[PDB]
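This is what each chain is made of:
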Amino acid sequence: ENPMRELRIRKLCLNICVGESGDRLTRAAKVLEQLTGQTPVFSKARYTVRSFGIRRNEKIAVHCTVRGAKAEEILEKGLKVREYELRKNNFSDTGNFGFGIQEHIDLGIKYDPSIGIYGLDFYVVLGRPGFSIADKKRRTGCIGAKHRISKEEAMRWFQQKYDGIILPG
Amino acid sequence: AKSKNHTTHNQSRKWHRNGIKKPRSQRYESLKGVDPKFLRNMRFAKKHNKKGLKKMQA
Amino acid sequence: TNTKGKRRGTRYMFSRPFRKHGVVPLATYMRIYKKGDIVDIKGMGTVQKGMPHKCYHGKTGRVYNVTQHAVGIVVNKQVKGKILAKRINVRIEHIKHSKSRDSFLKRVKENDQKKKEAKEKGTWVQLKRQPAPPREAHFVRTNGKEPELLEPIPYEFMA
Amino acid sequence: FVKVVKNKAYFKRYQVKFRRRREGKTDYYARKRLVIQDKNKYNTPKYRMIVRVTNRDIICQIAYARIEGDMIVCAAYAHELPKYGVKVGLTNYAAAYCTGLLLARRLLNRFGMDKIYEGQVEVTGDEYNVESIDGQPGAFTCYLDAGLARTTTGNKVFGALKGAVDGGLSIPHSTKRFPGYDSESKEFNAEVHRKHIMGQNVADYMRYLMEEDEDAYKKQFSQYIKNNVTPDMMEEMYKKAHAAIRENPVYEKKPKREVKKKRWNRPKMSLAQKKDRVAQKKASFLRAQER
Amino acid sequence: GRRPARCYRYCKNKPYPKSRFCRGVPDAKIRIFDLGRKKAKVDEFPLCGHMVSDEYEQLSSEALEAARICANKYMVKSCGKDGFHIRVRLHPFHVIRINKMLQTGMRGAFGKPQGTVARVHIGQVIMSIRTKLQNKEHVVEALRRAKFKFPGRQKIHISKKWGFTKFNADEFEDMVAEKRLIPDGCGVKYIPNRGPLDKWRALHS
RNA sequence: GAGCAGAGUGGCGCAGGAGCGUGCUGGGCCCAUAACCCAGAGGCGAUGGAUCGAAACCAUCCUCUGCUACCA
RNA sequence: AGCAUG
RNA sequence: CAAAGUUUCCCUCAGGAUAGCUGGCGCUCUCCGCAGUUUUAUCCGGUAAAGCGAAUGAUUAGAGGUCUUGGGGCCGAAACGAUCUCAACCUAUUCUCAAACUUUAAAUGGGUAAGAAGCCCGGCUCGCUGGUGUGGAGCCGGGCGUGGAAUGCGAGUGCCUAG
RNA sequence: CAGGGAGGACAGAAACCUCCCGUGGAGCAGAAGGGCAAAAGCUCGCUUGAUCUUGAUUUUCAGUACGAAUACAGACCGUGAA
RNA sequence: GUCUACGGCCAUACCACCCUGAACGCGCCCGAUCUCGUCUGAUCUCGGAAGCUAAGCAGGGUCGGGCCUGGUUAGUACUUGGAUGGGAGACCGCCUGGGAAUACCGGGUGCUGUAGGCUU
Ligand SMILES: [Mg+2]
Ligand SMILES: [Mg+2]
Ligand SMILES: [Mg+2]
Ligand SMILES: [Mg+2]
Ligand SMILES: [Mg+2]
Ligand SMILES: [Mg+2]
Ligand SMILES: [Mg+2]
Ligand SMILES: [Mg+2]
Ligand SMILES: [Mg+2]
Ligand SMILES: [Mg+2]
Ligand SMILES: [Mg+2]
Ligand SMILES: [Mg+2]
Ligand SMILES: [Mg+2]
Ligand SMILES: [Mg+2]
C-alpha cells in the first residue's frame, strides 16, 4: 500500500457560540484558550436578528483551530468524554465529522468560578498527503478523484484507529 | 398653430448642388498638436544641422 | 428629441464579443505604430480611457503623433454638406493596423521587382490590373453520359 | 433534488481564462504593467530579470518581450554552481546571490562591458548601484520580475537582485526588503546582510543543532556531511565561488547527443480503430446477451 | 363591451407583449389549450388534422376560445367523449391598446391595454386534432365548424406525420421497431447513435 | 377623467431603534343594577423595493372622501 | 363634597 | 443665371441673427487632378431573418424518477417499515413568443487604398531615446517613368451678395 | 462573491464553525446600459494627483461659448522592491 | 521522443471519469534556528533531502458533454432595383441581382517562439 494515501487529521476546529458580546464571550474565549494553548479569535454577526438578540457586526462567537499532536490529544479527550460513541450521520459525505459537548469540565480541566460552564463544538477534518496543492498559491490544482476521502473511508479510519463504535441513526 | 418640427428632406440635394468636397491636402502639414518634447528636440536638431555642412559637402 | 450623451446608442457598439470578455491580449499593446501609418478605429469597451467618439468607430485614419499610451490620428468626418479632416487622440487598445495598404505595398514591391526583371531581357510585361475578362471560347466534353432531363416537380403542400 | 449547475448551457456559455492563468504560471496584471514598452520608444527592448525559486534550484533569466514570444538573452541556473565549487545549499540566500551574480557577469561578458562596470568585487552588504560612466557605453538597465512570490522582507528574489547589482547591472531597487531591514526601527545594517549572503545563518544553525542533538543535526544535514562542509568553511568557500564566477562567467553548452528514437508515450488511436473497437464491444455484448 | 374585431384584425403595430413595461393587462379569455384525452399514448392516435392559416392577421383570444369550444363540442358528440385530442397551437401574447374617449382629443393619445390577440403567419397551424384513423371525416367536419369563428381564410389539411409528432406515419412503426424511437407519453423521443454506449446497451437490455 | 386626502385593538382617533378615552372580561362595595375601586385580554389595506432595522420612506394597485371638467 | 334606580 | 420653407441661438413659435441653397465680379493654371459610378483588396455594424433541445424574461402539455419536504389517509403506540397517492422538486422531452431579449446573422449600405507627395541607396544633425552612430525624427546628394484598375470630365481659388 | 449541498451542544426554517460545487447568476452611492474575478469587488497599510501652470484636441456645434472629457508637456508630491 | 523557465494566439487547449509514466525535471514531502507571517509554520517566508508517484502534472481512452470546421435545412427565409402585375383588401406572384439560421448528419480534440535539459 502506498504510504502517501494514509489518513491524517489536518486540523480540529473548536468554537463556542455564546450568542452575545462582552464578559461572557471573554469567559468563553478564556475557556478555549486554556483548553488548547493559543489565543483565539472573535467572530462577528453578519445580520441582525431581533428574536435572537444579535445585531450586525456584533461579536457573538469565538473559535480556534488546532493542528498536530495537540489536535490529536484534544480530539482524544473529546472522544473520551463522548466514550467513543458516534452516529452514522455524524460523518460528512466529504470525509469529515464532528460532535459537541454540553459541559467542558468533562474534558479534564479545572473549574474556576470566575469562568463558569460552557459547551464546546468539535469538528475534525481528515487529510491525505498532497492536499496542500488545493490551497497553495503558485500552481493551484484540484486533488484528484481517487485521492479524495469518502464518508465510508472516514468511518472505517475512525473505527480502526480510535477502536470505536458507530451506531446507526 | 402647430408647425413642422424637424426635417432633412432637401438637404442631400442642397449638398450635392455644389458637391461634397474632400478636405484640401498639401505635401507638408503643420506640426501643431504633436509632442512638445519631440518638437523641442526636432528644433534643436534643425538649428544645429548647419555645422555638418562641410563634411556633408565633402 | 434624443439626448446628447457621449455614449448614447453604443450598447452593442462598445460591447465585447461572445465569450471574449476579460483581460486584454498583450500583442495589441506590443504593436508599434510609426507616424504616417494607416489605422482602423474600433472602440473596445474593456478600457474606458482614450475611447474614441462613436462617430469614428469603424473609420480609418492616419497617424500623425505618437505618444506614451496613445496616438494622434487624422480622420475624415462628414458633417452636413462638407467633410472635415480632424485630429483625435486614441489609446492603443482601440487601434488595429489595416491590411488594405499592406496589399498595395506587396503589389508595388512585386511591380518594381518585375520591372527590374524582364527589362535587361527586352521583353514586355503587363503591370496594370485588368478587370475580369470575358470567358474565352472553350469546349465542353460530354464523354458518354448525356445531360439528364430536369422538369419542375408537381406541387404539394408539405406543411 | 438539487438543480445541476454544470450542464450543457453552463459548458456552452463558459469562457476560459488564458492558458497561463489556467495553469497558474503567470499574473497578467503585473505582466501587462511590466513588459509593455512605451509607444514613442519605437520597439526599443524593455528588459526583465526573471527570478524563479524552485524546490531544488534557482532560475534567473534576462528577457525582453516580443510578439512571437519572450526572447531570453541570458540565463544562469543554480545547478551549475557545483562547477564553481558550491556543492550543496543550491536553494538558499547565498545560492540566490551567487546565481544572480553569475547571470550579471555572463551578460556583461556577452555584451563586452565586463571589464568596465566591475560592480562590487568585495561585498559589504549595504546599498550599491552602478553609475554609468561617460565616454564608455552606458550601463545595462533592467527590472525585477517577482512573479507570484510574496515580496516580503528577506526574500531570495531580492538576494538574486543583490547578486546581479554587485555583478554590475543597474536595477532600480530599495534596501527595504533586503534581509536586515528592521521594520520596527526603520534602519538597515549591512553586516547581517553580509552574513545572509555568506551563509552564516545556515552555519549558525548547524553549530546550534549539532550542539543540541546530533540525530537532528544528521537528519537536517546529510548531503552536507557527505560533501564534508562544516560551519567554519562556508565564508571562505562562498568567497571562492564569487571569485571564480567573476573570473570565468562564460557558459559552455552540453554537447548534443545521438538519439535512438524510442517513443515513451502512446500515439493517438485512429478513426477506424476506435470505430471497430465500438463494433467489437457491441458484438460482444450482444453475444453475451444471447448466451 | 369591446370593439369589433375588424378594428384589430391587421398586424399593424410592432409585437407588444405583457412585460415589465406593459402592465395592467387583463388576462386572456383562453386559459386551456390542451383537452380531450391527453393522457393517451402516441400509438393509439395516428391521425392528425390541422387548421392552416391563409392570411397574415391577428386572432383574438375570444375567437380562439369560441373555436376551441365548438371543436370540443362536436368532437364529444361525434367521436365519443375521450376518443380524440385537441391542441390549440396559438397563444395570445400581443396586447392591443384602446384610447377611450368620453374631451381631450388626440393630446396624450396613447392607449391603455384592452386585451390580447395572436399574430398569425401564412401556413401557420391554428388548431390540431389527434384521434383514431377511422374518424377522418369527423375531424374534417369539426374543423369546418370551428372555421366560421375566425376572420379571414383558413384551410383544413390532413398531416402526413404520425399524431402530434414530426415523424412520418409510414416510417413511424419501422423506426420504433428499429429502436430509434422511445414513446414517452403524448410524444416520442428520438434516439441518436452518438451517446455513450452504456445508454445503448441499457435500451437493448 | 386629472389633482388631492384618508384606511391602524369591537367603534372614533394619536403615532426610523404600538397606544389613548370608550367598549369587553374577572374580582370588589351594594339586597341587586348602573356609578365607583382593583386588574387583564384583544391588532398598522395588499404587493414589491431603498434601508443594519419601517406601521412611518419610495412605486404600483383595492376601496372611500372631497375640488375642478370654462368660454362660445 | 359626592349619594340615580327597583 | 436661378432658389428656400432646413441647422444653432434669441421672453422666440405671424419676427430676427447664423450656416445652408443663389447671383455677380474676378483671379491662378490647363488646352496632372476630380467623381451622388463600378472593380479589386481591406476593415466597420446588430436591422430583416432566425433561436428558445443556448443566457434573460414569458409559456402549454403529458412522461421517468426520488425521499427532499407537505398532505389525504390505512396497516401499526410506532418506526426514512410499508401501500396507494395528490403535490410540489429533479431529469430528458414538447407547444407558443419578445420595440426596450439573444448564441447566430444577411440584402442595401459606411470608411480606407489602388504611387512621383512613390520606392531604393549614401552621408550629416539631435539638448529626445538609448547595453550598442541602438531607435525615431529632421536635413543634404544620387538613381529608377510601362503617371501602375474601368469609365467619364478642364480644374482650382478669393471677395461681395439678394430671396 | 450570489446561491446550493453535506455535517456540528443548546441552535430551530433562520445565530456561529468546517468541507465541497459555484463564469458572476453578487458587488461596484443613485436610473438604465456597458465594463470588471490572483479585479474595477471585499479587507488591511500609507496617504492627499480632489495641488501649481501654458498650450493642443473631442463632444453639442455655427465647427461659437459654458459644461464634461482625452492625449501630452513643465514643477512639487503620494504609493510600491520595482 | 519529452520536460522545465518566460511567453504568443487564448476550449481543436475546457469539464467528468479511467489507464500509463524510462531518465531528467517539476512536484508532493521533512523541520522553524535564522528572515518573515499567522488563532493555527495550514497559506506565506525560511532551512533541507528520509520517502513517494498516491495527488498535481504529461501522454492516451470514452459510439462522453462542450468547443472548432463541414453537409443538410436551401436557393428556403429575407432582401437591392422594375412593371398601367394580380387582389376589395390582407397580402401574393413574376423580372433583375444578392443570399442566411436551429433541429438533423459527419470529421477533428492545441499549434508554436526564445533559453536550458533528459532520452550512455
Ligand atoms: Mg417651420
Ligand atoms: Mg504584484
Ligand atoms: Mg401604429
Ligand atoms: Mg432671454
Ligand atoms: Mg401673412
Ligand atoms: Mg439598435
Ligand atoms: Mg423578427
Ligand atoms: Mg489587486
Ligand atoms: Mg509544513
Ligand atoms: Mg503523480
Ligand atoms: Mg498516477
Ligand atoms: Mg463529442
Ligand atoms: Mg516551446
Ligand atoms: Mg538501457
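Residues numbered from 1 in each chain as written, not as in the entry; some residues may be left out. Chains lettered and ligands numbered in written order. Part of a larger assembly, values for the part shown. Heavy atoms only, no water.

- As recorded in the PDB entry, chain E goes by the name Ribosomal protein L10, listed as coming from Oryctolagus cuniculus.
- In the PDB, the title recorded for this entry is "Mammalian 80S translation initiation complex with mRNA and Harringtonine".
- Listed in UniProt under the heading Function (literature references left out), the comment for chain E reads: "Component of the large ribosomal subunit. Plays a role in the formation of actively translating ribosomes (By similarity). May play a role in the embryonic brain development (By similarity)."
- In the Subunit (literature references left out) part of its UniProt record, chain E is described as follows: "Component of the large ribosomal subunit. Mature ribosomes consist of a small (40S) and a large (60S) subunit. The 40S subunit contains about 33 different proteins and 1 molecule of RNA (18S). The 60S subunit contains about 49 different proteins and 3 molecules of RNA (28S, 5.8S and 5S)." (UniProt positions renumbered as here; feature names shortened; annotations may be inferred.)

- The PDB entry lists chain D under the name Ribosomal_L18_c domain-containing protein, with Oryctolagus cuniculus given as the organism.

1. Comments concerning the overall build of chain D
Next, step 1: Per the secondary structure count, chain D includes eleven helices and six strands.
Next, step 2: In terms of overall size, chain D is more extended than a compact globule, its C-alpha atoms giving a radius of gyration of 26 Å where 291 residues would be expected to give roughly 19 Å.
Next, step 3: Structurally, chain D occupies a C-alpha span of about 85 × 65 × 55 Å along its principal axes.
Next, step 4: Relative to its full complement of 291 residues, chain D shows a buried share of 35%.
Next, step 5: Taking contacts inside chain D between residues at least 6 apart in sequence as the whole, the part at least 24 apart equals 61%.
Next, step 6: Accessible surface, chain D: about 19200 Å² in total, of which carbon and sulfur atoms supply 51%.
Next, step 7: Both charge centroids of chain D, one from 59 positive and one from 34 negative side chains, sit 18 Å from each other. (Helix = DSSP H or I, 4+ residues; strand = E, 2+ residues; numbered from the N terminus. Rg over C-alpha atoms; globule rule 2.2 N^0.38 Å. Buried < 20%, exposed > 50% of the residue type's maximum accessible area, 1.4 Å probe, protein only. Contact = heavy atoms within 4.5 Å. Areas by Shrake-Rupley, 256 points an atom, 1.4 Å probe, with all protein chains shown as cover. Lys, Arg positive; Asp, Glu negative; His and termini not counted. Charge placed at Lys NZ, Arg CZ, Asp CG, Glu CD.)

2. Side note on the interface of chain D and chain C
Next, step 1: Contacts between chain D and chain C engage 17 residues on the former and 19 residues on the latter.
Next, step 2: It is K39(D), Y42(D) and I67(D) that lose the most area in chain D upon contact with chain C, and together they represent 34% of the buried surface on that side.
Next, step 3: Our enumeration of links across chain D and chain C arrives at zero salt bridges.
Next, step 4: Taken together, chain D and chain C are joined by three residue pairs in polar contact.
Next, step 5: Listed by contribution, the elements that provide at least two residues to the side of chain D that touches chain C are α1 (8-13) and α3 (28-35) of chain D.
Next, step 6: Considering every element that reaches the side of chain D that touches chain C, the biggest residue donor is α3(D), with three residues.
Next, step 7: The residue inventory of the side of chain D that touches chain C, partitioned by class, reads seven nonpolar, three polar and seven charged. (Buried area = accessible area lost by both parts, 1.4 Å probe. Salt bridge = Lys/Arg side-chain N within 4 Å of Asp/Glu carboxyl O. Polar contact = N/O pair within 3.5 Å; in protein donor to acceptor, adjacent residues only side chain to side chain. Nonpolar A, V, L, I, M, F, W, Y, C, P; charged D, E, K, R; others polar.)

3. Points about the side chain of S128(E)
All names here are of chain E.
Next, step 1: Here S128 lies in strand β7 (residues 125-131).
Next, step 2: Among the polar contacts made by the side chain of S128, one reaches the side chain of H50 at a distance of 2.8 Å.
Next, step 3: In contact with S128, not counting residues within four places along its chain, are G49, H50, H85, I86, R87, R89 and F164.

4. Let's talk about a nonpolar patch on the surface
Next, step 1: A cluster of nonpolar side chains, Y10(D), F11(D), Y14(D) and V16(D), forms an exposed patch at the surface whose accessible area comes to about 410 Å².
Next, step 2: Locating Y10(D) in the fold gives a position in helix α1. (Patch = residues over 30% accessible without salt bridge, like charges linked within 9 Å, V, L, I, M, F, W, Y side chains within 5 Å.)

5. Comments concerning the protein's contact with RNA strand H
Next, step 1: Neighbouring residues of RNA strand H: 99 residues in total, closest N10(B), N41(B), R107(C), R129(C) and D184(E).
Next, step 2: When atoms of RNA strand H within 4 Å of the protein are sorted by moiety, sugar and phosphate together comprise 73%.
Next, step 3: In this structure, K3(D) approaches RNA strand H through a side-chain N or O atom, which is 2.6 Å from a phosphate oxygen.
Next, step 4: Looking at the surface near RNA strand H, the elements with two or more residues in it are α1 (11-18), α2 (36-48) and α3 (53-57) of chain B, β1 (38-41) and α2 (99-116) of chain C together with α1 of chain D.
Next, step 5: The leading source of residues in the surface near RNA strand H is α2(C), at eleven residues. (Near = heavy atom within 4 Å.)

6. Description of the sheet that holds strand β2 (residues 47-53) of chain E
Residues and elements named next belong to chain E.
Next, step 1: If you trace the five strands from one edge of the open sheet to the other, you get β1-β4-β7-β2-β8, paired in antiparallel fashion. Each edge of the open sheet carries a strand with a single partner, namely β1 (34-36) and β8 (154-158). Each strand of the sheet is rotated relative to its neighbour by a mean of 15 degrees, with strand direction disregarded.
Next, step 2: As paired strands, β2 and β7 are joined by five bridges and run antiparallel to one another. Looking at β7, one finds that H50 is bridged to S128. (Pairing = 2+ DSSP bridges. Axes fitted to C-alpha atoms, helices over the stretch in contact; angles between N-to-C directions.)

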